[PDB]
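J.: Next comes the structure file input-v2.cif, holding mmCIF, N, CA and C atoms and all ligand atoms.
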data_structure
loop_
_atom_site.label_atom_id
_atom_site.label_comp_id
_atom_site.auth_asym_id
_atom_site.auth_seq_id
_atom_site.Cartn_x
_atom_site.Cartn_y
_atom_site.Cartn_z
N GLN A 48 95.49 101.39 117.25
CA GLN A 48 96.71 100.68 116.88
C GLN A 48 97.43 100.10 118.09
N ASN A 49 98.58 99.47 117.83
CA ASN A 49 99.42 98.91 118.88
C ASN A 49 100.78 99.60 118.98
N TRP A 50 101.01 100.67 118.22
CA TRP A 50 102.21 101.48 118.35
C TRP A 50 101.84 102.70 119.20
N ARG A 51 102.21 102.65 120.48
CA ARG A 51 101.65 103.52 121.50
C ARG A 51 102.77 104.28 122.21
N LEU A 52 102.41 105.38 122.86
CA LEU A 52 103.41 106.27 123.43
C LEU A 52 103.01 106.63 124.86
N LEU A 53 103.97 107.21 125.58
CA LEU A 53 103.75 107.64 126.96
C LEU A 53 104.80 108.68 127.32
N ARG A 54 104.34 109.85 127.76
CA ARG A 54 105.21 110.97 128.12
C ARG A 54 105.42 110.96 129.63
N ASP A 55 106.67 110.79 130.06
CA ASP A 55 107.04 110.80 131.48
C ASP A 55 107.75 112.12 131.76
N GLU A 56 107.00 113.09 132.29
CA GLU A 56 107.56 114.42 132.53
C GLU A 56 108.51 114.43 133.72
N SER A 57 108.32 113.51 134.67
CA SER A 57 109.24 113.40 135.79
C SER A 57 110.55 112.75 135.39
N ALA A 58 110.52 111.87 134.39
CA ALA A 58 111.66 111.09 133.89
C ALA A 58 112.11 110.01 134.87
N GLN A 59 111.31 109.71 135.90
CA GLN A 59 111.70 108.76 136.93
C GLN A 59 111.06 107.38 136.79
N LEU A 60 110.05 107.23 135.93
CA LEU A 60 109.41 105.93 135.78
C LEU A 60 110.39 104.92 135.18
N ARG A 61 110.38 103.71 135.73
CA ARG A 61 111.23 102.62 135.28
C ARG A 61 110.40 101.58 134.53
N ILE A 62 111.07 100.49 134.13
CA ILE A 62 110.40 99.43 133.39
C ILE A 62 109.31 98.78 134.22
N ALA A 63 109.58 98.52 135.50
CA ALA A 63 108.53 98.00 136.38
C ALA A 63 107.42 99.03 136.53
N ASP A 64 107.79 100.29 136.80
CA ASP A 64 106.80 101.34 136.95
C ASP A 64 105.97 101.52 135.69
N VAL A 65 106.60 101.38 134.52
CA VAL A 65 105.88 101.54 133.27
C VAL A 65 104.94 100.36 133.03
N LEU A 66 105.41 99.14 133.28
CA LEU A 66 104.53 97.97 133.20
C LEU A 66 103.39 98.04 134.21
N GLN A 67 103.51 98.86 135.25
CA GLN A 67 102.39 99.09 136.16
C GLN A 67 101.43 100.16 135.66
N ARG A 68 101.72 100.80 134.53
CA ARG A 68 100.88 101.84 133.96
C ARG A 68 100.54 101.54 132.50
N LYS A 69 100.19 100.29 132.18
CA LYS A 69 99.97 99.94 130.77
C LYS A 69 98.74 100.65 130.20
N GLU A 70 97.77 101.01 131.04
CA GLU A 70 96.53 101.60 130.56
C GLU A 70 96.64 103.09 130.25
N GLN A 71 97.80 103.70 130.48
CA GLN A 71 98.01 105.11 130.16
C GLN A 71 98.67 105.31 128.80
N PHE A 72 99.16 104.25 128.17
CA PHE A 72 99.67 104.35 126.81
C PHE A 72 98.53 104.66 125.84
N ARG A 73 98.84 105.39 124.78
CA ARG A 73 97.82 105.91 123.88
C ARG A 73 98.26 105.78 122.43
N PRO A 74 97.32 105.56 121.51
CA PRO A 74 97.70 105.25 120.13
C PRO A 74 98.34 106.45 119.43
N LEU A 75 99.29 106.14 118.55
CA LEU A 75 99.98 107.15 117.76
C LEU A 75 99.29 107.30 116.41
N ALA A 76 99.09 108.55 115.98
CA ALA A 76 98.53 108.78 114.65
C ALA A 76 99.54 108.47 113.55
N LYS A 77 100.82 108.34 113.90
CA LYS A 77 101.87 108.06 112.93
C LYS A 77 102.97 107.27 113.63
N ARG A 78 103.90 106.74 112.83
CA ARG A 78 105.01 105.94 113.33
C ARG A 78 106.26 106.76 113.63
N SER A 79 106.09 108.02 114.03
CA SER A 79 107.21 108.86 114.42
C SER A 79 106.71 109.91 115.40
N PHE A 80 107.65 110.68 115.94
CA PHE A 80 107.32 111.81 116.79
C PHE A 80 108.50 112.77 116.80
N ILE A 81 108.26 113.98 117.28
CA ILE A 81 109.32 114.93 117.58
C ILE A 81 108.84 115.84 118.71
N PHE A 82 109.69 116.05 119.71
CA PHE A 82 109.38 116.91 120.83
C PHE A 82 110.57 117.82 121.07
N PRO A 83 110.36 119.12 121.28
CA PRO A 83 111.49 120.03 121.55
C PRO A 83 112.22 119.62 122.82
N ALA A 84 113.42 120.18 122.99
CA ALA A 84 114.32 119.76 124.07
C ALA A 84 113.67 119.93 125.44
N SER A 85 113.56 118.83 126.18
CA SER A 85 112.99 118.80 127.52
C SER A 85 113.57 117.60 128.27
N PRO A 86 113.47 117.56 129.61
CA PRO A 86 114.01 116.41 130.35
C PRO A 86 112.98 115.31 130.53
N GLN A 87 112.08 115.18 129.57
CA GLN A 87 111.04 114.17 129.60
C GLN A 87 111.53 112.87 128.97
N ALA A 88 111.03 111.76 129.48
CA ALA A 88 111.26 110.45 128.89
C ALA A 88 110.08 110.11 127.99
N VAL A 89 110.36 109.55 126.82
CA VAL A 89 109.32 109.13 125.90
C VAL A 89 109.38 107.61 125.80
N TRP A 90 108.27 106.95 126.13
CA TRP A 90 108.17 105.50 126.17
C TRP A 90 107.28 105.02 125.03
N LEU A 91 107.80 104.13 124.21
CA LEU A 91 107.07 103.53 123.10
C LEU A 91 106.74 102.08 123.45
N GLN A 92 105.49 101.68 123.21
CA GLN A 92 105.02 100.33 123.47
C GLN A 92 104.44 99.73 122.20
N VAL A 93 104.90 98.54 121.84
CA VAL A 93 104.51 97.87 120.60
C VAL A 93 104.09 96.44 120.92
N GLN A 94 102.81 96.13 120.73
CA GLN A 94 102.32 94.76 120.89
C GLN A 94 102.19 94.11 119.52
N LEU A 95 102.88 92.98 119.34
CA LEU A 95 102.93 92.24 118.09
C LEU A 95 102.39 90.83 118.27
N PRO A 96 101.64 90.31 117.30
CA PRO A 96 101.23 88.90 117.34
C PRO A 96 102.42 88.00 117.08
N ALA A 97 102.17 86.69 117.18
CA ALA A 97 103.22 85.71 116.95
C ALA A 97 103.85 85.91 115.58
N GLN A 98 105.18 85.91 115.55
CA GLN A 98 105.93 86.22 114.34
C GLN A 98 106.28 84.93 113.60
N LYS A 99 106.23 84.99 112.27
CA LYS A 99 106.46 83.82 111.42
C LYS A 99 107.76 83.87 110.64
N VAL A 100 108.36 85.05 110.48
CA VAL A 100 109.58 85.21 109.70
C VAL A 100 110.53 86.12 110.46
N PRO A 101 111.84 86.01 110.19
CA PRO A 101 112.80 86.87 110.88
C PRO A 101 112.56 88.34 110.56
N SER A 102 112.41 89.16 111.60
CA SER A 102 112.08 90.57 111.44
C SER A 102 112.82 91.38 112.50
N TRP A 103 112.81 92.70 112.33
CA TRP A 103 113.54 93.62 113.21
C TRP A 103 112.76 94.91 113.41
N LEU A 104 112.77 95.41 114.64
CA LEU A 104 112.32 96.77 114.92
C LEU A 104 113.46 97.74 114.66
N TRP A 105 113.25 98.64 113.70
CA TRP A 105 114.19 99.68 113.33
C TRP A 105 113.77 100.99 113.97
N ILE A 106 114.74 101.68 114.57
CA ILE A 106 114.52 102.99 115.20
C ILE A 106 115.65 103.92 114.78
N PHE A 107 115.33 104.96 114.03
CA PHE A 107 116.25 106.04 113.68
C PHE A 107 116.00 107.18 114.65
N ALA A 108 116.88 107.33 115.64
CA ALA A 108 116.72 108.29 116.72
C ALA A 108 117.91 109.24 116.72
N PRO A 109 117.93 110.23 115.83
CA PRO A 109 119.04 111.18 115.82
C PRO A 109 119.05 112.02 117.09
N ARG A 110 120.26 112.33 117.57
CA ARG A 110 120.48 113.21 118.71
C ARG A 110 119.90 112.65 120.01
N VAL A 111 119.57 111.36 120.05
CA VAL A 111 119.00 110.74 121.24
C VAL A 111 120.14 110.20 122.10
N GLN A 112 120.21 110.67 123.35
CA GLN A 112 121.35 110.37 124.21
C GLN A 112 121.24 109.00 124.86
N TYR A 113 120.13 108.72 125.53
CA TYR A 113 119.92 107.45 126.22
C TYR A 113 118.69 106.76 125.64
N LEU A 114 118.81 105.46 125.38
CA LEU A 114 117.71 104.66 124.85
C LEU A 114 117.77 103.28 125.48
N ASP A 115 116.71 102.89 126.18
CA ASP A 115 116.63 101.60 126.85
C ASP A 115 115.53 100.77 126.21
N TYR A 116 115.82 99.50 125.95
CA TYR A 116 114.95 98.61 125.20
C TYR A 116 114.61 97.40 126.07
N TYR A 117 113.33 97.05 126.10
CA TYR A 117 112.83 95.98 126.95
C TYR A 117 111.82 95.17 126.15
N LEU A 118 111.86 93.85 126.32
CA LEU A 118 110.96 92.94 125.62
C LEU A 118 110.20 92.09 126.63
N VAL A 119 108.89 91.95 126.41
CA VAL A 119 108.00 91.29 127.36
C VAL A 119 107.25 90.17 126.65
N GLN A 120 107.31 88.97 127.24
CA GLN A 120 106.62 87.78 126.73
C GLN A 120 106.25 86.90 127.91
N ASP A 121 104.99 86.46 127.97
CA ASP A 121 104.46 85.70 129.10
C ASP A 121 104.75 86.41 130.43
N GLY A 122 104.58 87.73 130.42
CA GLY A 122 104.82 88.53 131.61
C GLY A 122 106.26 88.59 132.07
N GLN A 123 107.19 88.06 131.28
CA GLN A 123 108.60 88.06 131.63
C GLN A 123 109.40 88.98 130.72
N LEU A 124 110.46 89.54 131.29
CA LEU A 124 111.45 90.31 130.55
C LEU A 124 112.46 89.34 129.95
N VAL A 125 112.33 89.07 128.65
CA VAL A 125 113.26 88.16 127.98
C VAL A 125 114.53 88.87 127.52
N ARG A 126 114.42 90.13 127.09
CA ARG A 126 115.58 90.92 126.71
C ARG A 126 115.50 92.32 127.31
N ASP A 127 116.68 92.84 127.67
CA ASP A 127 116.81 94.14 128.31
C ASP A 127 118.17 94.70 127.87
N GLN A 128 118.15 95.65 126.94
CA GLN A 128 119.36 96.19 126.34
C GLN A 128 119.39 97.70 126.49
N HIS A 129 120.49 98.23 127.02
CA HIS A 129 120.63 99.66 127.26
C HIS A 129 121.73 100.23 126.38
N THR A 130 121.41 101.26 125.60
CA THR A 130 122.41 101.88 124.72
C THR A 130 122.05 103.33 124.54
N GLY A 131 122.60 103.96 123.49
CA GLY A 131 122.31 105.38 123.21
C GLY A 131 123.55 106.11 122.73
N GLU A 132 123.36 107.28 122.13
CA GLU A 132 124.52 108.07 121.63
C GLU A 132 125.35 108.47 122.85
N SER A 133 124.69 108.93 123.91
CA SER A 133 125.44 109.25 125.15
C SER A 133 126.12 107.97 125.62
N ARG A 134 125.53 106.81 125.29
CA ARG A 134 126.21 105.54 125.63
C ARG A 134 127.40 105.38 124.68
N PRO A 135 128.53 104.80 125.14
CA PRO A 135 129.71 104.71 124.30
C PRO A 135 129.74 103.43 123.51
N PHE A 136 130.53 103.40 122.44
CA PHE A 136 130.69 102.15 121.65
C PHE A 136 129.38 101.79 121.00
N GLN A 137 128.85 100.63 121.35
CA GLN A 137 127.56 100.18 120.78
C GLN A 137 127.70 100.16 119.25
N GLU A 138 128.93 100.16 118.75
CA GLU A 138 129.14 100.25 117.28
C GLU A 138 128.31 99.19 116.54
N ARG A 139 127.68 99.57 115.42
CA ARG A 139 126.97 98.57 114.56
C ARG A 139 127.14 99.03 113.11
N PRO A 140 126.84 98.20 112.10
CA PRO A 140 127.15 98.56 110.72
C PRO A 140 126.30 99.51 109.91
N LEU A 141 125.36 100.24 110.52
CA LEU A 141 124.50 101.09 109.67
C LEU A 141 125.12 102.48 109.54
N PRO A 142 125.45 102.97 108.32
CA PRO A 142 125.95 104.33 108.20
C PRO A 142 125.07 105.30 108.95
N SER A 143 123.76 105.07 108.90
CA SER A 143 122.79 105.98 109.55
C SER A 143 123.01 105.99 111.06
N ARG A 144 123.63 104.95 111.59
CA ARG A 144 123.75 104.84 113.07
C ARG A 144 122.33 104.58 113.59
N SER A 145 121.51 103.92 112.78
CA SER A 145 120.13 103.59 113.21
C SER A 145 120.17 102.34 114.09
N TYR A 146 119.05 101.98 114.69
CA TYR A 146 119.02 100.83 115.63
C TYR A 146 118.15 99.70 115.10
N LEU A 147 118.51 98.45 115.42
CA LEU A 147 117.75 97.27 115.02
C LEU A 147 117.66 96.29 116.18
N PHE A 148 116.45 95.81 116.46
CA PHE A 148 116.23 94.75 117.44
C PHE A 148 115.54 93.58 116.76
N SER A 149 116.19 92.41 116.78
CA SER A 149 115.58 91.20 116.25
C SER A 149 114.31 90.86 117.02
N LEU A 150 113.27 90.46 116.29
CA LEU A 150 112.00 90.07 116.88
C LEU A 150 111.83 88.57 116.73
N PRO A 151 111.74 87.83 117.83
CA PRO A 151 111.86 86.37 117.76
C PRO A 151 110.68 85.72 117.05
N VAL A 152 110.91 84.48 116.64
CA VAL A 152 109.87 83.60 116.12
C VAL A 152 109.81 82.42 117.08
N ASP A 153 108.91 82.50 118.07
CA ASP A 153 108.85 81.50 119.13
C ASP A 153 107.43 81.04 119.44
N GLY A 154 106.45 81.41 118.62
CA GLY A 154 105.09 80.95 118.83
C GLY A 154 104.35 81.65 119.95
N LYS A 155 104.73 82.88 120.27
CA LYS A 155 104.07 83.69 121.29
C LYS A 155 104.10 85.14 120.86
N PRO A 156 103.10 85.93 121.26
CA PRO A 156 103.11 87.37 120.97
C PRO A 156 104.14 88.11 121.81
N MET A 157 104.17 89.44 121.75
CA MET A 157 105.22 90.17 122.44
C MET A 157 104.83 91.63 122.63
N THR A 158 105.44 92.25 123.64
CA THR A 158 105.25 93.67 123.92
C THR A 158 106.61 94.33 124.11
N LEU A 159 106.87 95.38 123.33
CA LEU A 159 108.12 96.12 123.33
C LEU A 159 107.95 97.42 124.08
N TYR A 160 108.95 97.76 124.90
CA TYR A 160 109.01 99.05 125.58
C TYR A 160 110.36 99.69 125.28
N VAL A 161 110.34 100.95 124.86
CA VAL A 161 111.56 101.68 124.55
C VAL A 161 111.48 103.04 125.23
N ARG A 162 112.53 103.40 125.96
CA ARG A 162 112.63 104.68 126.65
C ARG A 162 113.70 105.54 125.99
N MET A 163 113.32 106.77 125.63
CA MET A 163 114.23 107.70 124.97
C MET A 163 114.26 109.03 125.73
N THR A 164 115.47 109.54 125.96
CA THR A 164 115.70 110.82 126.62
C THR A 164 116.86 111.52 125.93
N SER A 165 116.87 112.85 125.99
CA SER A 165 117.92 113.65 125.37
C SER A 165 117.87 115.07 125.91
N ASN A 166 118.96 115.80 125.66
CA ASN A 166 119.04 117.23 125.92
C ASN A 166 118.81 118.04 124.65
N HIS A 167 118.45 117.38 123.56
CA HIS A 167 118.17 117.96 122.25
C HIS A 167 116.74 117.59 121.87
N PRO A 168 116.21 118.09 120.75
CA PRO A 168 114.86 117.67 120.34
C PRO A 168 114.78 116.16 120.13
N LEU A 169 113.68 115.57 120.60
CA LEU A 169 113.49 114.12 120.56
C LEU A 169 112.90 113.70 119.21
N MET A 170 113.74 113.78 118.18
CA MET A 170 113.39 113.22 116.88
C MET A 170 113.54 111.71 116.92
N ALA A 171 112.60 111.01 116.28
CA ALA A 171 112.64 109.55 116.24
C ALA A 171 111.68 109.04 115.18
N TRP A 172 112.12 108.03 114.44
CA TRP A 172 111.28 107.26 113.54
C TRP A 172 111.44 105.78 113.89
N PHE A 173 110.41 104.99 113.64
CA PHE A 173 110.48 103.57 113.98
C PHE A 173 109.49 102.79 113.13
N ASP A 174 109.78 101.49 112.98
CA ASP A 174 108.91 100.57 112.26
C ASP A 174 109.44 99.15 112.38
N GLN A 175 108.56 98.19 112.08
CA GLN A 175 108.98 96.81 111.90
C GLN A 175 109.33 96.58 110.44
N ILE A 176 110.41 95.84 110.21
CA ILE A 176 110.92 95.58 108.87
C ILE A 176 111.32 94.12 108.77
N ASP A 177 111.24 93.58 107.56
CA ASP A 177 111.70 92.23 107.29
C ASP A 177 113.05 92.28 106.58
N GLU A 178 113.44 91.18 105.92
CA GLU A 178 114.72 91.14 105.22
C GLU A 178 114.73 92.07 104.00
N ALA A 179 113.58 92.19 103.32
CA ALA A 179 113.49 93.11 102.18
C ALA A 179 113.85 94.53 102.59
N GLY A 180 113.57 94.90 103.83
CA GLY A 180 113.97 96.21 104.31
C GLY A 180 115.39 96.22 104.84
N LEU A 181 115.77 95.14 105.53
CA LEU A 181 117.12 95.06 106.10
C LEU A 181 118.19 95.24 105.03
N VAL A 182 118.04 94.55 103.89
CA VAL A 182 119.05 94.65 102.84
C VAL A 182 119.15 96.04 102.23
N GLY A 183 118.21 96.94 102.54
CA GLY A 183 118.23 98.28 101.99
C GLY A 183 118.50 99.40 102.96
N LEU A 184 118.89 99.11 104.20
CA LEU A 184 119.16 100.17 105.16
C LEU A 184 120.50 100.84 104.87
N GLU A 185 120.59 102.12 105.23
CA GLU A 185 121.82 102.88 105.08
C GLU A 185 122.05 103.78 106.29
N1 LIG A 201 123.08 99.75 114.90
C1 LIG A 201 123.30 100.52 116.11
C2 LIG A 201 124.50 101.44 115.90
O1 LIG A 201 125.68 100.70 116.04
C3 LIG A 201 124.47 102.55 116.93
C4 LIG A 201 125.26 102.48 118.06
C5 LIG A 201 125.24 103.50 119.00
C6 LIG A 201 124.42 104.59 118.81
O2 LIG A 201 124.39 105.61 119.76
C7 LIG A 201 123.62 104.67 117.68
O3 LIG A 201 122.79 105.77 117.49
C8 LIG A 201 123.65 103.65 116.75
#
Please lay out the structure from this file as structure tokens.
T.:
Amino acid sequence: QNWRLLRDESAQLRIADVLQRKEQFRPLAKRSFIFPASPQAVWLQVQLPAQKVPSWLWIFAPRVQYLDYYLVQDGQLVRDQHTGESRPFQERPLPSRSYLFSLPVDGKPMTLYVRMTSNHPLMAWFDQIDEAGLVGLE
């Protein structure tokens, strides 16, 4: 698959450092994970073909303190957004307090990198959704 993960036990790898280790990402048997409380960073990588309709990456990450989001196209970082529960504000309209990232329609594929860290268990679910899913989030 293209929904891949990477465990950073040092927690020091950055976006450049992670893009220098693309061959260490490994396929996920499912679209979620959970890890007991540790100071490890969990990096998710998603390669998508060219998109034809407006869509969003949804991530329900309860108890997740820091979450950094990076988007890669033509070897460039087009978007770089840092948020998280430990991050303040970031208010958005989902009762769930879930996360959504718009996925562009620009005639090129894309690679997503997401870093998650916490002092609690690293529960997380994620998927790509269209408008049929967007209108039903809570
Ligand atoms: N849709 C995102 C939502 O506003 C939000 C904001 C900050 C958070 O720490 C979070 O989990 C969710």
J.: Kindly provide, as JSON, numbers by chain, all nucleotide and amino acid residues lying within 7 Å of ligand LIG 201 (chain A), counting only C-alpha atoms and all ligand atoms.
T.: {"A": [108, 109, 130, 131, 132, 133, 134, 136, 137, 138, 139, 140, 141, 144, 145, 146, 147]}
J.: Can you tell me how far atom N of residue 185 of chain A sits from atom C of residue 84 of chain A, in Å to one decimal?
T.: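 Straight-line distance from atom N of residue 185 of chain A to atom C of residue 84 of chain A works out to 27.8 Å.
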J.: Have a look at A:99, A:69, A:62, A:88 and name the one nearest to residue 126 of chain A; count only C-alpha atoms.
T.: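 Among the listed residues, A:62 lies closest to residue 126 of chain A.
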J.: Using Å and a single decimal, report how far atom CA of residue 112 of chain A sits from atom CA of residue 58 of chain A.
T.: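 Going from atom CA of residue 58 of chain A over to atom CA of residue 112 of chain A, I get 13.7 Å.
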J.: So what do you get for atom C of residue 174 of chain A versus atom CA of residue 97 of chain A, distance-wise?
T.: 15.5 Å
J.: Extract, using only N, CA and C atoms, all DNA, RNA and protein residues at most 7 Å from residue 110 of chain A, discarding same-chain residues fewer than 2 positions from it, and format them as a ChimeraX atom specification.
T.: /A:108,112-113,132,164-170
J.: Find the residues around residue 78 of chain A up to 6 Å (only N, CA and C atoms counted), leave out those fewer than 3 positions away in its own chain, and share them as a PyMOL selection string.
T.: chain A and resi 75+172-173
J.: Which residues are close to residue 57 of chain A, i.e. within 6.5 Å by only N, CA and C atoms, leaving aside same-chain residues fewer than 2 positions away? Reply as a PyMOL selection string.
T.: chain A and resi 54-55+59-60+86-88
J.: Tell me, as a list in words, which residues lie within 10 Å of residue 124 of chain A, counting only C-alpha atoms; anything in the same chain fewer than 5 positions away does not count.
T.: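 Result of the neighbour search: residues 62, 117, 118, 119, 158 and 159 of chain A.
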J.: Among segment 51-160 of chain A, which residues carry a DSSP assignment of strand (DSSP E or B), reported as number ranges by chain?
T.: A: 51-55, 73-74, 79-80, 88-95, 102-107, 113-120, 123-130, 146-150, 157-160
J.: Using only N, CA and C atoms, which of A:79, A:128, A:175, A:92 sits nearest residue 161 of chain A?
T.: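 Between A:79, A:128, A:175, A:92, the residue approaching residue 161 of chain A most closely is A:92.
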J.: Running DSSP on the backbone, which parts of chain A land in alpha helix (DSSP H), as a PyMOL selection string?
T.: chain A and resi 62-66+178-181
J.: So, with only N, CA and C atoms as the atoms that count, which of A:135, A:94, A:149, A:162 lies closest to residue 114 of chain A?
T.: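 Nearest candidate to residue 114 of chain A out of A:135, A:94, A:149, A:162: A:162.
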J.: For residue 111 of chain A, which residue among A:85, A:80, A:98, A:171 is the nearest when counting only C-alpha atoms?
T.: A:171
